[PDB]
């Protein structure tokens, strides 16, 4: 299958994201300094294991080189002080782009203030996320930082149908669309995450990704990790049950033409990369029938066999 709209392929400090199915490998986004991460001893001050963080980053580079799946780091923080330190460390200890990420918007806003309108921040920092309840101070913070790429969380807990993403992105009635809001903050590149409620509803998330790519061509992806970790029945079964079950959830959106996955904790990268790379290789082999051409030689199809 192929999408009608010409697909946006963004180049985020070397990382290609988007395209027609089989054109580009899945971009894999691993979480670090998340709530309960054992390498963080104090989430308020940002006291973290630099050796263990470096080792996770080096492992991501090695898996990325093995499969050809590019990586963006999901950097989480619970305070301005902590997320600022986390971001400074990520900037120095990898070349990867990264998500500035937090549960609390005020943590993202505060961290942007500290980081300033640094040209490296504009090239490597992706705002996570512009959500339905965005504030003017949030858009001002993004604009002062001079950011160019954001995750658009195209999720409304009152608008669960895939077709409603057209309304959320474009706007409807008196409501400014999320794309219009991002553009006001100076954002030019939109990674669309339609949101995941639970594991089963990942099928609606992936259908929403298809609508967005079909009609607008923005790269589409999602973040099923929270839904997988709340599946206590699977998680307590141990190896390899939790891993294959996770693999089934994380690969599913890719089988329907999604462009990126937030796969959760980076410690799971070794099995996530191998499953995702397997799905990419099979999708790209289908190119041979569709005439769709790979946009890079760094593709799992040419690497993992």
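Positions refer to the first chain, counted from 1.
Of the two segments examined, 152 to 160 and 128 to 136, it is 152 to 160 that shows the higher average Cα temperature factor in the deposited entry.
For the two regions 34 to 42 and 267 to 275, the entry's Cα B-factors average higher over 34 to 42.
Annotation for 191, 222, 230, 75: 230 ranks highest, by Cα B-factor.
Of the candidates 97, 105, 195, 186, the deposited coordinates give 105 the top C-alpha B factor.
Residue 245 sits in the middle third of its chain by CA B factor, as recorded in the PDB entry. Remark: residue 236 belongs to the highest third of its chain, ranked by C-alpha B-factor as recorded.
Placement of the Cα temperature factor of residue 101 within the chain: lowest third of the modelled residues, per the deposited record. Among the modelled residues of its chain, residue 200 has a C-alpha B-factor that falls in the lowest third according to the deposited record. The deposited CA B-factor of residue 47 belongs to the highest third of values across its chain.
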